[PDB]
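Student: Dropping the structure in here first, questions after.
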Amino acid sequence: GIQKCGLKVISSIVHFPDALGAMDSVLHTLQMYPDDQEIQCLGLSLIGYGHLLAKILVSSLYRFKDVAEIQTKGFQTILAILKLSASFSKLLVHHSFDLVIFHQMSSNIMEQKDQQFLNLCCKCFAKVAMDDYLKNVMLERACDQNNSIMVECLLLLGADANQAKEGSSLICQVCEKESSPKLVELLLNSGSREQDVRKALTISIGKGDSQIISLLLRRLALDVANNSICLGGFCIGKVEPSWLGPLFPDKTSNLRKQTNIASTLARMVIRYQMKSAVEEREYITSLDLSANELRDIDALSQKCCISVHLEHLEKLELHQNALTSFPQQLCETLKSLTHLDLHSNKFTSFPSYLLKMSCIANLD
Amino acid sequence: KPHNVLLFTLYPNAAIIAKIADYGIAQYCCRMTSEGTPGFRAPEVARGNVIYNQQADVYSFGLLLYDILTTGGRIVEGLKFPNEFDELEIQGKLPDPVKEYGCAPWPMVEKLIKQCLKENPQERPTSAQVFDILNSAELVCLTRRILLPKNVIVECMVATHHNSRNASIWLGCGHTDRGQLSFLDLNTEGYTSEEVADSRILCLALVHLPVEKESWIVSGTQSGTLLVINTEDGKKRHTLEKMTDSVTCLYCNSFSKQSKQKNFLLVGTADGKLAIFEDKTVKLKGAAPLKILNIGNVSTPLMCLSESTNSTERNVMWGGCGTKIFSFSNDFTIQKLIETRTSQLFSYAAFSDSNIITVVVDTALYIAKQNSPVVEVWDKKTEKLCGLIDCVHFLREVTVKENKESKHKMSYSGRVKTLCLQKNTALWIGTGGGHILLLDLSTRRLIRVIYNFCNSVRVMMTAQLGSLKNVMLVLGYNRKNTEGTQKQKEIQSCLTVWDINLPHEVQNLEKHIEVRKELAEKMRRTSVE
């Protein structure tokens, strides 16, 4: 309980006569009096004047995530180190820096007037994300923890989302961790290969999700420009109305604008990136369900949420499935189906109520 | 042939769609149809007197583009005239894909056909070129280019959206000092001439009335004669109350504040005497200017007008005037008088000390000045320069190696002439040169610069055409220095029609090629592995 006084003395003389194992002892006094007496933990201030320095910063700020304006003394130190040893960032991201920089920029800093601070933290973040590889891990280590705000920032800064293992990648991972629908929507709308999104179905098909599936089908099979749903080649073991629901268009759907938060940080970082680089109706019709091995389609023959968009189908394909006994109730619901084909199924009798359909042609 | 192309899926934004059957060449390269099917055949291969070349698969591919364009119209008729199915094409005498078979024009591929359909073998584009000009994302959106008659100078246009069965574009005229309107269809392309005034026209607007099933057009001319003619009858005209200066900007609004349908019109005089009117009173000769709001002075001419993007805030209008930007609402009084000349980010001054040209309304404000290569991102509330987007910061980055002579051209040409903002995606900037800028206002600035299709993009605006809505009319220019030594230029105005989905397509296609390049290499590894 004297180290506080020792560091308080060192802080004075470290300034005036241009002092020159100083940094050594002032580091161990942290590990000697950690997680307590934040006054001696303000010593971080002197560091602004062996990777142990990294492991002692991210562990200090994290353990004091919302303690006081010691983050302002922490990040000032981290910013001072970065502008002279640019390599240091490879060490921060290597540790728990992600755990501490994602919290600050998302701890309700928006709606709070700490603009002086955020401009510091974004300036510090502007350098951690310089390297092309670091963004690819600043991003990946922001998907495991569900963080929609930051995963959107690292995308507006590059950091391709189709790089992890190629056979396996983000979207396959993000679908395993029971993520949030807002998180998947950002990987697909950005660079994301088809061969990886398709593998995300079978992963997300095994589990029953109504919003993580309907976001993959919307990117895999929906030709909005031609009013179609091309779900052919997919080996979806079964179709349910809760998935196709959000695919059909809705006129009432209108949203606010909330992603502007991640858009502000995207340019603020880009601003500090350059300034440091310069100086120095329309009801859809076609619905294809060809190769999906469906042993039954009854799930659609109810009064579910899509029973009002199926009445304008005008084409429906179920060929190469393993269907049987086309449901009586369905063939009276879609009263505008004019091109129905269902061949290679395992039928054993003509339903003979298919002809009761209102306006049908080209029954196959 | 259209029989050797094996589709894999009918989803447009897929990775593997078409695949040419490759077994045919294996059976030939071993057991050596060597002349090719009659209909889908080159002239150099049918005559049989000359060995083939790689330029034979291009003429055969050129025909494949002719059957995809016309959706197999030549083959259907070619089955009952097979001796004329081959000989008609065996010389490059096959007809126009549009005049014969009903199909959408697609006028940047009717040119690729007319190249792959040339008689001389080494004059047809090699296979590497026929793909590098299909990879362009501007070929797949340009819906139809409409060559206006020779030497017609138009600087104003207006579309008809209350009739969605078909549409027409009412133009103006500049090649005469006495003004004249120039009606123009879209499916027949019949350019019509009808003199309607004695002074050159500057802007028009289209006022429709929900009653009586008509939509008159209004004409602003330099003299001030505000004339109105009916859509059908080209004889019932009444020159409204003449103004004092040259009308420069008109508009038709959405102001239905009497619990029913009602609308106004805002004649923008060349000093700010904005006369407001009513939608149904336009018929009467000499209507009543409701609230003439003299805003600026004779040294402050209005040059634009706009309306909000959302309808929630009651369509707050934001119109420019001289260099002073203003706004109003149902009150019809100035509620903001932002001024731009007093800008504290001076690198050059007169870019802000000049007349305004156009302003678009969004979550921010984008403003254009005369001969200004920069747009100014102001804000509504703060009234500050939140963004300054210079043009040549993008043009000079592609015009480095492909343009070498420009080193003497430090007095660059190409200035912002018009703004048009897509709903929420991108911002269309028409440069004084031949370029057009696609700026994604959300995240990334430069999407693509679509050059070498005109010479001066003078007018640009959106419209909706025959239930295929959301097109982007682009009225450029074209000048050829045939008699430049006679201090005269031959101007050819070239109206085009871009699919408004262009900023998506250009970045949706650039991903489509990346995924296929990543597959073209991994497929080369299965050979070594």
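In the structure tokens, the first chain shown is A, the next is B, and so on; residue numbers restart at 1 for each chain, and ligands run from 1 in the order shown.
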Compute the chain A side of the contact with chain B at 9 Å, counting only C-alpha atoms, and hand it back as a ChimeraX atom specification.
Tutor: /A:156,191-194,220-223,228-230,232-233,263,266-267
Student: List every residue of stretch 288-500 of chain B that DSSP, applied to the backbone of this structure, places in alpha helix (DSSP H), and write the result as a VMD selection string.
Tutor: chain B and resid 392 to 398
Student: To one decimal place, how far is atom CA of residue A:181 from atom CA of residue B:309 in Å?
Tutor: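 Separation between atom CA of residue A:181 and atom CA of residue B:309: 28.4 Å.
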Student: Could you give me, as a short mmCIF file (atom, residue, chain, number, x, y, z; two decimals) with C-alpha atoms, in the first residue's frame, the residues within 9 Å of residue A:244, counting only C-alpha atoms and dropping anything in the same chain fewer than 6 positions from it?
Tutor:
data_model
loop_
_atom_site.label_atom_id
_atom_site.label_comp_id
_atom_site.auth_asym_id
_atom_site.auth_seq_id
_atom_site.Cartn_x
_atom_site.Cartn_y
_atom_site.Cartn_z
CA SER A 214 -35.79 -17.72 -44.58
CA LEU A 217 -33.49 -19.02 -49.13
CA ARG A 218 -34.00 -15.34 -49.91
CA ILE A 306 -48.91 -18.19 -47.09
#
Student: Could you tell me how far atom CA of residue B:148 lies from atom CA of residue B:107, in Å and to one decimal?
Tutor: 14.9 Å
Student: Write out as an MDAnalysis selection string all residues of stretch 201-440 of chain B that backbone DSSP assigns to strand (DSSP E).
Tutor: chainID B and resid 201:209 214:221 227:229 237:239 266:267 273:276 293:294 356:361 365:369 374:378 387:390 416:421 427:431 436:439
Student: Write a file of the selected residues as a compact mmCIF listing (two decimals), in the first residue's frame, keeping C-alpha atoms.
Tutor:
# COMPACT_ATOMS: atom_id res chain seq x y z
CA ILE B 201 -38.30 27.04 -73.96
CA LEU B 202 -36.35 26.37 -70.76
CA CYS B 203 -38.35 23.88 -68.65
CA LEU B 204 -41.62 21.96 -68.59
CA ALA B 205 -43.83 20.18 -66.07
CA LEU B 206 -46.72 17.73 -66.31
CA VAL B 207 -49.90 18.55 -64.37
CA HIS B 208 -52.60 15.89 -64.18
CA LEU B 209 -56.14 16.23 -62.84
CA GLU B 214 -56.58 14.50 -68.93
CA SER B 215 -53.06 15.67 -68.12
CA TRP B 216 -52.04 19.04 -69.55
CA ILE B 217 -48.41 20.05 -70.04
CA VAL B 218 -46.91 23.41 -69.07
CA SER B 219 -44.10 25.28 -70.82
CA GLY B 220 -41.63 27.77 -69.37
CA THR B 221 -39.95 30.02 -71.92
CA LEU B 227 -48.47 28.19 -72.02
CA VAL B 228 -50.56 25.08 -71.35
CA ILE B 229 -51.84 22.59 -73.94
CA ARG B 237 -53.94 26.66 -75.42
CA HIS B 238 -53.94 29.60 -73.01
CA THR B 239 -50.83 31.66 -72.28
CA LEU B 266 -44.22 26.52 -58.75
CA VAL B 267 -42.97 28.68 -61.62
CA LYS B 273 -40.94 35.48 -58.04
CA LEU B 274 -42.24 31.99 -57.32
CA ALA B 275 -45.90 32.06 -58.35
CA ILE B 276 -47.93 29.23 -56.80
CA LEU B 293 -43.05 34.97 -52.96
CA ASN B 294 -40.33 37.26 -54.26
CA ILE B 356 -26.91 26.80 -57.96
CA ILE B 357 -28.11 24.25 -60.53
CA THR B 358 -29.84 21.41 -58.69
CA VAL B 359 -30.49 20.07 -55.20
CA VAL B 360 -31.78 16.65 -54.14
CA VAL B 361 -33.43 15.95 -50.79
CA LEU B 365 -28.66 17.74 -49.05
CA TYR B 366 -26.63 17.48 -52.26
CA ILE B 367 -26.07 20.66 -54.25
CA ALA B 368 -24.65 21.49 -57.68
CA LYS B 369 -23.13 24.77 -58.89
CA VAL B 374 -17.87 19.15 -56.86
CA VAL B 375 -21.11 18.36 -55.04
CA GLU B 376 -21.68 19.79 -51.56
CA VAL B 377 -23.15 17.51 -48.88
CA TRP B 378 -24.89 19.97 -46.59
CA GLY B 387 -19.22 16.21 -47.12
CA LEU B 388 -17.45 17.50 -50.20
CA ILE B 389 -17.25 15.05 -53.11
CA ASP B 390 -15.04 16.22 -55.97
CA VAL B 416 -21.68 18.47 -62.67
CA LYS B 417 -24.72 19.14 -64.87
CA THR B 418 -27.54 17.30 -63.09
CA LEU B 419 -28.28 15.21 -60.02
CA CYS B 420 -30.64 12.27 -59.62
CA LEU B 421 -30.91 10.20 -56.45
CA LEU B 427 -26.75 8.91 -56.63
CA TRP B 428 -26.54 9.59 -60.37
CA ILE B 429 -24.28 12.53 -61.26
CA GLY B 430 -24.19 13.71 -64.86
CA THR B 431 -20.85 15.27 -65.73
CA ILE B 436 -22.11 9.51 -65.33
CA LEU B 437 -21.30 8.84 -61.69
CA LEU B 438 -22.77 6.10 -59.50
CA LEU B 439 -22.14 7.07 -55.86
Student: Atom CA of residue B:338 and atom CA of residue A:272 are how many Å apart?
Tutor: 28.7 Å
Student: Determine the nearest neighbour of residue B:223 from the options B:83, B:261, B:300, B:244, counting only C-alpha atoms.
Tutor: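 The shortest atom-to-atom distance to residue B:223 comes from B:244.
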Student: From the set A:120, A:52, A:330, A:236, which residue has the shortest atom-to-atom contact distance to residue A:80, counting only C-alpha atoms?
Tutor: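 Nearest to residue A:80: A:120.
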Student: Taking only C-alpha atoms into account, name the residue in A:101, A:225, A:78, A:39 that is nearest to residue A:66.
Tutor: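 Of all the options, A:101 lies closest to residue A:66.
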Student: List the spatial neighbours of residue A:162 as a ChimeraX atom specification - criterion: any atom at most 10 Å away, only C-alpha atoms, same-chain residues fewer than 2 positions off excluded.
Tutor: /A:136,159-160,164-171,187,190-194,196-197
Student: Tell me, as a VMD selection string, which residues lie within 9 Å of residue B:491, counting only C-alpha atoms; anything in the same chain fewer than 4 positions away does not count.
Tutor: chain B and resid 150 to 153 477 to 480
Student: Would you please work out which residue, of A:140, A:132, A:24, A:35, is nearest to residue A:59 when using only C-alpha atoms?
Tutor: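 Closest to residue A:59, using only C-alpha atoms: A:35.
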Student: Please provide as number ranges by chain all residues within 12 Å of stretch 71-79 of chain B, with the sequence filter that same-chain residues fewer than 2 positions apart are discarded (counting only C-alpha atoms).
Tutor: B: 1-3, 38-40, 63-69, 81-89, 94-98, 100-104
Student: Take the residues that were just selected and, keeping N, CA, C and O atoms, output them as a short mmCIF file (atom, residue, chain, number, x, y, z; two decimals), in the first residue's frame.
Tutor:
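Result file is part14.cif:
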data_model
loop_
_atom_site.label_atom_id
_atom_site.label_comp_id
_atom_site.auth_asym_id
_atom_site.auth_seq_id
_atom_site.Cartn_x
_atom_site.Cartn_y
_atom_site.Cartn_z
N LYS B 1 -24.85 -24.38 -81.02
CA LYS B 1 -26.25 -24.19 -81.35
C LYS B 1 -27.04 -24.12 -80.05
O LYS B 1 -26.55 -24.52 -79.00
N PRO B 2 -28.27 -23.59 -80.10
CA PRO B 2 -29.09 -23.55 -78.88
C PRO B 2 -29.42 -24.92 -78.32
O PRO B 2 -30.07 -25.02 -77.28
N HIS B 3 -29.00 -25.98 -79.00
CA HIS B 3 -29.18 -27.33 -78.50
C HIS B 3 -27.96 -27.84 -77.75
O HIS B 3 -28.08 -28.77 -76.94
N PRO B 38 -26.69 -26.66 -90.52
CA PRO B 38 -26.90 -25.62 -91.55
C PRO B 38 -27.27 -24.25 -90.99
O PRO B 38 -26.63 -23.26 -91.34
N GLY B 39 -28.28 -24.17 -90.13
CA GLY B 39 -28.75 -22.87 -89.69
C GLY B 39 -27.70 -22.11 -88.89
O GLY B 39 -27.50 -20.91 -89.09
N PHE B 40 -27.02 -22.81 -87.99
CA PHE B 40 -26.06 -22.19 -87.07
C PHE B 40 -24.65 -22.43 -87.63
O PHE B 40 -23.90 -23.27 -87.16
N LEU B 63 -24.72 -15.93 -83.83
CA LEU B 63 -26.08 -16.38 -84.10
C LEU B 63 -26.77 -16.85 -82.83
O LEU B 63 -27.97 -16.65 -82.65
N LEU B 64 -26.02 -17.50 -81.93
CA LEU B 64 -26.59 -17.89 -80.64
C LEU B 64 -27.10 -16.67 -79.89
O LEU B 64 -28.14 -16.74 -79.22
N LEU B 65 -26.41 -15.54 -80.00
CA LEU B 65 -26.92 -14.30 -79.42
C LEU B 65 -28.14 -13.79 -80.18
O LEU B 65 -28.91 -13.01 -79.62
N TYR B 66 -28.32 -14.21 -81.43
CA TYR B 66 -29.49 -13.79 -82.19
C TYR B 66 -30.72 -14.63 -81.84
O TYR B 66 -31.84 -14.13 -81.92
N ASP B 67 -30.52 -15.88 -81.44
CA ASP B 67 -31.64 -16.71 -81.03
C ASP B 67 -32.01 -16.50 -79.56
O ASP B 67 -33.17 -16.72 -79.20
N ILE B 68 -31.06 -16.10 -78.73
CA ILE B 68 -31.39 -15.75 -77.35
C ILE B 68 -32.11 -14.42 -77.29
O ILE B 68 -33.09 -14.25 -76.56
N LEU B 69 -31.64 -13.44 -78.07
CA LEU B 69 -32.29 -12.14 -78.13
C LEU B 69 -33.74 -12.28 -78.55
O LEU B 69 -34.66 -11.87 -77.82
N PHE B 81 -38.95 -23.47 -93.36
CA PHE B 81 -38.22 -22.91 -94.48
C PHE B 81 -36.74 -23.26 -94.33
O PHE B 81 -35.90 -22.36 -94.26
N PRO B 82 -36.39 -24.55 -94.29
CA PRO B 82 -35.01 -24.90 -93.92
C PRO B 82 -33.98 -24.54 -94.97
O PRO B 82 -32.84 -24.22 -94.60
N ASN B 83 -34.33 -24.57 -96.25
CA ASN B 83 -33.37 -24.15 -97.26
C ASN B 83 -33.12 -22.65 -97.20
O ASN B 83 -32.03 -22.19 -97.54
N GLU B 84 -34.12 -21.88 -96.76
CA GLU B 84 -33.93 -20.47 -96.47
C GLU B 84 -33.56 -20.21 -95.02
O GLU B 84 -33.31 -19.06 -94.65
N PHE B 85 -33.54 -21.26 -94.19
CA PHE B 85 -33.05 -21.12 -92.82
C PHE B 85 -31.54 -20.95 -92.81
O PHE B 85 -30.98 -20.28 -91.93
N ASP B 86 -30.85 -21.56 -93.77
CA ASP B 86 -29.40 -21.49 -93.82
C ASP B 86 -28.91 -20.40 -94.75
O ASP B 86 -28.06 -19.58 -94.38
N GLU B 87 -29.42 -20.37 -95.99
CA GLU B 87 -28.88 -19.45 -96.98
C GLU B 87 -29.14 -17.99 -96.60
O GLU B 87 -28.33 -17.12 -96.94
N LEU B 88 -30.24 -17.71 -95.91
CA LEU B 88 -30.53 -16.34 -95.52
C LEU B 88 -29.46 -15.79 -94.58
O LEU B 88 -29.11 -14.61 -94.66
N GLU B 89 -28.93 -16.63 -93.70
CA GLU B 89 -27.87 -16.22 -92.79
C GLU B 89 -26.48 -16.54 -93.31
O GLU B 89 -25.51 -15.99 -92.78
N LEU B 94 -29.27 -11.56 -92.67
CA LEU B 94 -30.38 -11.85 -91.79
C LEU B 94 -30.93 -10.54 -91.21
O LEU B 94 -30.19 -9.58 -91.02
N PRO B 95 -32.24 -10.49 -90.94
CA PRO B 95 -32.89 -9.19 -90.71
C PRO B 95 -32.62 -8.59 -89.34
O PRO B 95 -31.85 -9.13 -88.54
N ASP B 96 -33.25 -7.46 -89.08
CA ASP B 96 -33.09 -6.79 -87.79
C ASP B 96 -33.82 -7.57 -86.71
O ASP B 96 -34.98 -7.94 -86.90
N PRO B 97 -33.17 -7.86 -85.58
CA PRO B 97 -33.83 -8.69 -84.56
C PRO B 97 -35.10 -8.08 -83.99
O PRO B 97 -35.94 -8.82 -83.46
N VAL B 98 -35.28 -6.77 -84.10
CA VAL B 98 -36.45 -6.13 -83.51
C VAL B 98 -37.55 -5.92 -84.54
O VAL B 98 -38.72 -6.17 -84.26
N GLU B 100 -38.27 -7.53 -87.22
CA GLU B 100 -38.92 -8.78 -87.62
C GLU B 100 -39.64 -9.42 -86.44
O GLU B 100 -40.86 -9.62 -86.47
N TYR B 101 -38.90 -9.76 -85.39
CA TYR B 101 -39.44 -10.47 -84.24
C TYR B 101 -39.63 -9.49 -83.09
O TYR B 101 -38.72 -8.71 -82.77
N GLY B 102 -40.81 -9.53 -82.47
CA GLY B 102 -41.10 -8.63 -81.37
C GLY B 102 -40.27 -8.98 -80.15
O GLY B 102 -40.41 -10.06 -79.57
N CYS B 103 -39.40 -8.05 -79.75
CA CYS B 103 -38.56 -8.24 -78.58
C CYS B 103 -38.07 -6.88 -78.12
O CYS B 103 -38.04 -5.91 -78.88
N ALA B 104 -37.69 -6.80 -76.85
CA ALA B 104 -37.11 -5.58 -76.33
C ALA B 104 -35.79 -5.30 -77.04
O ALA B 104 -35.07 -6.23 -77.40
#
Student: Find the residues around residue B:316 up to 9 Å (only C-alpha atoms counted), leave out those fewer than 5 positions away in its own chain, and share them as number ranges by chain.
Tutor: B: 307-311, 327-330
Student: Those same residues, written as a PDB file, in the first residue's frame with N, CA and C atoms?
Tutor:
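Result file follows (out_0.pdb):
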ATOM      1  N   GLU B 307     -38.246  18.179 -53.896  1.00  0.00           N
ATOM      2  CA  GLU B 307     -39.257  17.766 -52.937  1.00  0.00           C
ATOM      3  C   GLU B 307     -38.685  16.603 -52.139  1.00  0.00           C
ATOM      4  N   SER B 308     -39.163  16.454 -50.905  1.00  0.00           N
ATOM      5  CA  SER B 308     -38.559  15.521 -49.962  1.00  0.00           C
ATOM      6  C   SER B 308     -38.607  14.086 -50.477  1.00  0.00           C
ATOM      7  N   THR B 309     -37.772  13.235 -49.880  1.00  0.00           N
ATOM      8  CA  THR B 309     -37.753  11.828 -50.264  1.00  0.00           C
ATOM      9  C   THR B 309     -38.888  11.058 -49.594  1.00  0.00           C
ATOM     10  N   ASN B 310     -39.124  11.307 -48.311  1.00  0.00           N
ATOM     11  CA  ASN B 310     -40.204  10.655 -47.587  1.00  0.00           C
ATOM     12  C   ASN B 310     -41.456  11.526 -47.600  1.00  0.00           C
ATOM     13  N   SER B 311     -42.606  10.877 -47.452  1.00  0.00           N
ATOM     14  CA  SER B 311     -43.878  11.577 -47.342  1.00  0.00           C
ATOM     15  C   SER B 311     -44.336  11.737 -45.900  1.00  0.00           C
ATOM     16  N   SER B 327     -36.357  26.686 -48.181  1.00  0.00           N
ATOM     17  CA  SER B 327     -37.336  25.619 -48.020  1.00  0.00           C
ATOM     18  C   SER B 327     -38.650  26.241 -47.576  1.00  0.00           C
ATOM     19  N   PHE B 328     -39.712  25.443 -47.642  1.00  0.00           N
ATOM     20  CA  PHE B 328     -41.015  25.860 -47.139  1.00  0.00           C
ATOM     21  C   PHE B 328     -41.891  24.625 -46.967  1.00  0.00           C
ATOM     22  N   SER B 329     -43.143  24.867 -46.601  1.00  0.00           N
ATOM     23  CA  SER B 329     -44.114  23.814 -46.326  1.00  0.00           C
ATOM     24  C   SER B 329     -45.495  24.353 -46.686  1.00  0.00           C
ATOM     25  N   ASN B 330     -46.543  23.703 -46.170  1.00  0.00           N
ATOM     26  CA  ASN B 330     -47.912  24.161 -46.395  1.00  0.00           C
ATOM     27  C   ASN B 330     -48.100  25.637 -46.068  1.00  0.00           C
TER      28      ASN B 330
END
Student: Under the rule that only C-alpha atoms are counted, which of B:526, B:496, B:162, B:199 is the nearest residue to residue B:454?
Tutor: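 Checking each candidate against residue B:454, we get B:496 as the closest.
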Student: For residue A:175, which residue out of A:2, A:201, A:354, A:161 is the nearest one, using only C-alpha atoms?
Tutor: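 Of A:2, A:201, A:354, A:161, the one nearest residue A:175, counting only C-alpha atoms, is A:201.
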